[PDB]
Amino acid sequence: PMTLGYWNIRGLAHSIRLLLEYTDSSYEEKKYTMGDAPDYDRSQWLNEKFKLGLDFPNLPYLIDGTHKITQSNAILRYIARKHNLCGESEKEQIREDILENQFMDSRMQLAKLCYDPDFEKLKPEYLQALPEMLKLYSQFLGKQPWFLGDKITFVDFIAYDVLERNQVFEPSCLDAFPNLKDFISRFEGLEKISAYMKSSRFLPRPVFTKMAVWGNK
């Protein structure tokens, strides 16, 4: 079936795995292990990196028959279209586009922080700024069940990943925003998601690669 290749980490593969499960897509995973020693040995990937025939060799990648796609957002949009989990009307599409980018923004914001050596002093800087970020997402969500309205689209899988990840970084962050806290619950409450979360194939952590200051391993 389909093959998903990425590090044995949550990272950028989280949203993809979730989407795959939700859609009951038959797939296999090719997990790559990274070195722990000073030399974070990535040979396991590198030795295979150029032998896969991808146009732009990178992790994660999805191989579906003759299709070999890379880039998280491209993989999600592919599976989404394949299962009709995308916005239809121009309005939904606008929300979908702004959110996709906006959520990548937040992801990179946390990522850089967690990999930056000055994590200790930078953490506070991040924490105090966090609320205004969540405020915008809460307001945008409003009283809707899902970000694109009543229908759950691929954008929600990006949302869950970044929001839930921030919550593990700081449990109380979503308290002041019950709106967003209920989202996570509702999402994890989906039959296929809950089932997958009971499965050994879950892998919720580590968050980042072994060379991150926070959430490594």
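In this text, the rigid core denotes the largest set of C-alpha atoms whose superposition between the two forms falls within 1.5 Å. The first residue of the sequence shown is number 1, and the count goes up from there.
Q: After superposing on the rigid core, which of 58-66 and 34-42 has its C-alpha atoms sitting farther from this form in 5 other deposited structures of this protein?
A: With the rigid core fitted, 34-42 is the stretch that strays more in 5 other deposited structures of this protein.
Q: When the Cα temperature factors in the entry are averaged, is it 11-19 or 199-207 that ends up higher?
A: The stretch with the larger average C-alpha B-factor is 199-207.
Q: Please compare 81-89 with 67-75 and say which has the higher mean C-alpha temperature factor in the record.
A: So the stretch with the higher mean C-alpha B-factor is 81-89.
Q: Maximum C-alpha temperature factor per the entry, among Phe103, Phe119, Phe147, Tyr137, belongs to which one?
A: That would be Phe119, according to the entry.
Q: Hey, out of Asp39, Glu29, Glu164, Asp156, whose CA B-factor is highest in the deposited coordinates?
A: In the PDB entry, the greatest C-alpha B-factor among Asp39, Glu29, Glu164, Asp156 is found at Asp39.
Q: Within this chain's modelled residues, let me know which third the CA B factor of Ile94 belongs to: lowest, middle or highest.
A: For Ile94, whose C-alpha B-factor we compare with every modelled residue in the chain, the answer is the lowest third.
Q: Of the three thirds of its chain by CA temperature factor, lowest, middle or highest, which one includes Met108?
A: CA B-factor rank for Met108: middle third.
Q: Divide the modelled residues of the chain into thirds by Cα B-factor and specify which third, lowest, middle or highest, holds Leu127.
A: Highest third - that is where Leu127 ends up once the chain's C-alpha B-factors are sorted.
Q: Sort the modelled residues of this chain by their C-alpha B factor and say whether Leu174 lands in the lowest, middle or highest third.
A: For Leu174, whose C-alpha B-factor we compare with every modelled residue in the chain, the answer is the highest third.
Q: Is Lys181 in the lowest, middle or highest third of its chain when residues are ranked by C-alpha B-factor?
A: Tercile = highest for this residue's CA B-factor.
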